[PDB]
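Input: a single structure, listed below in structure tokens.
Read-outs throughout are calculated quantities, based only on the coordinates presented, and are distinct from any laboratory measurement. Cβ atoms come from the backbone with ideal geometry, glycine included; neighbour counts cover every protein chain shown.
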């Protein structure tokens, strides 16, 4: 347990134990000193002003944090495929985290000549927010998670948070948190850290697509013992009204009585990939669906899970109804379509309404001898007893869990971005290099020291997660759809490294391949 | 009192003994009456209610709009469709990620 002894080994691989899968990942990280060892107040004001919808107030801290809330941090593409093609569901159960082989280095810069040396006596502080007393930052789809490729060395993201704001100002109820006011473990090179976590009960994610739709669940050979209004007129001409009824049969499925209806909706604007079909105007924000919270508007994104488009119109997508990842090396601003990957929420069209369509129509008056029957379009429909739906799919590059807000009420708290919702998700893990003062003056001074030895640390991280599988039990005769690689030759291998050594994930990968009845 | 009225497709209608399959007259069918639940459930052929649609001010008058369809709201209470001697007994709840009050 000293300077010349490793404090942990490299564990990286998966084990498939029947109904369970155990993924273990190790990456090597680097932690700089953030904020000059200072807690700093930030707002849209210190950010260079902004619009009201983007106003905020908060603090940036000198701490970093570990984040592995993305599936590719645990599953290799090959494993994701094994999961995807053979199970009807899965979910996390246990988690084991480790920090080891810490190395604190000191940088010296004299006359531009920079040099790095070990500072053996320096420490790094670590602690877990086991009681969720700090603002939960994971599950906001932030960058900075463990890289998908094991060989990549990553930089630990800086921790910051937001509280209540009134423009760029704070309010009485705004909270300020100091992470030093938390007990934390201190470790020198040769010391290590570790902890375990139990995932609370969460339903299995449905990694299947339905092999039949909500409106097509009857026996196509028999009639119902129910009738429907089929004629209100006996033919053109004056006073031709009547009431004729017919049996709802195979010949008219649209009219049949049903026990369950499609899930809720919130109409999204429809955008086309073949640009010339879109309106010649800027509607990215104007024509976007949104919600208001205390005078501020936020984009309804990704919103309720809805099918991306009608059958065949694959060139269409909801303005902000699906997740879109960037391809390897894609820039940050105004990037072209070809440099991004838009997820396709199609498999759920069997139960969820289409995002760019109306939920349906409702009557809006009392038809009478004088007035004709009128209908109106339902653009957004809240929950109704009898509704049934699927949740957003999850992706290899997508988030895994989210913290369910602690509130009096909520409904089906499944994270809208996809994933598992939990009141007590994996705790945040904060880390920071303990400040090491430079030589202080030889005469006392009450001011806090502001002269520090420049340092940064590096080490390994290990995350082991145990997943529970729900295996397939289909009696389907014909073969199923399976995720596969392309047979055809090509310059590079999909999900492999470049000739420059750049790993890249060519496309998003969902979980809905196997099928199941409704 | 307006017993002569019924929702276009809001109630179940069975056929009387021997009634044909197509374009049968009113007298040869039996339309169920979902009346007893008017104590908690809104009327099918009516609006749920009205909501404000603007900010009344010195210049603008208060305006309301009709709620033609209303999803669940915390605080709602209701009865489910009645069951009949000739009616169905059970149904299979679709195996899906979510659903609400899966009563057929």
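Would you mind stating whether residue A:289 is under 24 Å from the mean Cα position of the chain (by Cα), more than 30 Å from residue A:80 (Cβ to Cβ) and surrounded by 11 or more Cβ atoms within 10 Å (Cβ to Cβ)?
Against the criterion (under 24 Å from the mean Cα position of the chain (by Cα), more than 30 Å from residue A:80 (Cβ to Cβ) and surrounded by 11 or more Cβ atoms within 10 Å (Cβ to Cβ)), residue A:289 qualifies.
Which of (1) more than 9 Å from every other protein chain (Cβ to nearest Cβ); (2) out of contact with any strand residue (DSSP E or B) (no Cβ under 8 Å at 6 or more places or on another chain); (3) assigned to a loop (DSSP other than H, G, I, E, B); (4) loosely packed, with under 14 Cβ neighbours inside 10 Å does residue B:62 not meet, given it meets every other one?
Looking at each condition in turn, residue B:62 falls short on (2).
Inside the stretch A:416-447, can you point out the residues that are touching a strand residue (DSSP E or B) at 6+ places or on another chain (Cβ under 6 Å), more than 30 Å from residue A:183 (Cα to Cα) and buried (at least 23 other Cβ atoms within 10 Å of the Cβ)?
A:419, the sole residue that qualifies.
Would you please name the residue that is surrounded by the most Cβ atoms within 10 Å (Cβ to Cβ), looking only at residues in the stretch A:239-250 that are within 10 Å of another protein chain (Cβ to nearest Cβ) and not in a loop (DSSP other than H, G, I, E, B)?
Checked the stretch A:239-250; the qualifying residue surrounded by the most Cβ atoms within 10 Å (Cβ to Cβ) is A:245.
Name the single residue that is nearest to the other protein chains (Cβ to nearest Cβ) among those in the stretch B:69-86 being over 26 Å from residue A:362 (Cα atoms) and in contact (Cβ under 8 Å) with a residue 12 or more places away in the chain.
Here the answer is B:86.
In this structure, is residue B:21 surrounded by 11 or more Cβ atoms within 10 Å (Cβ to Cβ) and within 12 Å of chain A (Cβ to nearest Cβ)?
Yes: the conditions hold for residue B:21.
For a quick check of your reading: which strands (runs of 3 or more DSSP E) sit entirely within the stretch A:343-414 and have at least 3 residues that are within 9 Å of another protein chain (Cβ to nearest Cβ) and on the phi > 0 side of the Ramachandran plot?
none
What residue, among those in the stretch B:33-59 that are more than 10 Å from chain A (Cβ to nearest Cβ) and touching a strand residue (DSSP E or B) at 6+ places or on another chain (Cβ under 7 Å), is nearest to residue A:247 (Cα to Cα)?
B:48
Could you list all residues from the stretch A:4-18 that are touching a residue at least 60 places away in the same chain (Cβ under 8 Å) and surrounded by 10 or more Cβ atoms within 10 Å (Cβ to Cβ)?
Listed by number, the residues that qualify are A:6, A:7, A:8, A:10, A:11, A:12, A:14, A:16.
All but one of (1) surrounded by fewer than 20 Cβ atoms within 10 Å (Cβ to Cβ); (2) in a loop (DSSP other than H, G, I, E, B) hold for residue A:85; state the number of the condition that does not hold.
Only one criterion in (1) surrounded by fewer than 20 Cβ atoms within 10 Å (Cβ to Cβ); (2) in a loop (DSSP other than H, G, I, E, B) is unmet by residue A:85, namely (2).
With surrounded by 15 or more Cβ atoms within 10 Å (Cβ to Cβ) and touching a residue at least 60 places away in the same chain (Cβ under 8 Å) as the only criterion, which of A:229, A:214 stands out?
Going through A:229, A:214 in turn, the sole match is A:214.
From (1) assigned to a loop (DSSP other than H, G, I, E, B); (2) under 23 Å from the mean Cα position of the chain (by Cα); (3) farther than 30 Å from residue A:204 by Cα, pick out the condition that doesn't hold for residue A:6.
(2)
Suppose we keep only residues that are more than 10 Å from every other protein chain (Cβ to nearest Cβ) and not in a loop (DSSP other than H, G, I, E, B) within the stretch A:195-238. Which one would you say is farthest from residue A:85 (Cα to Cα)?
A:233
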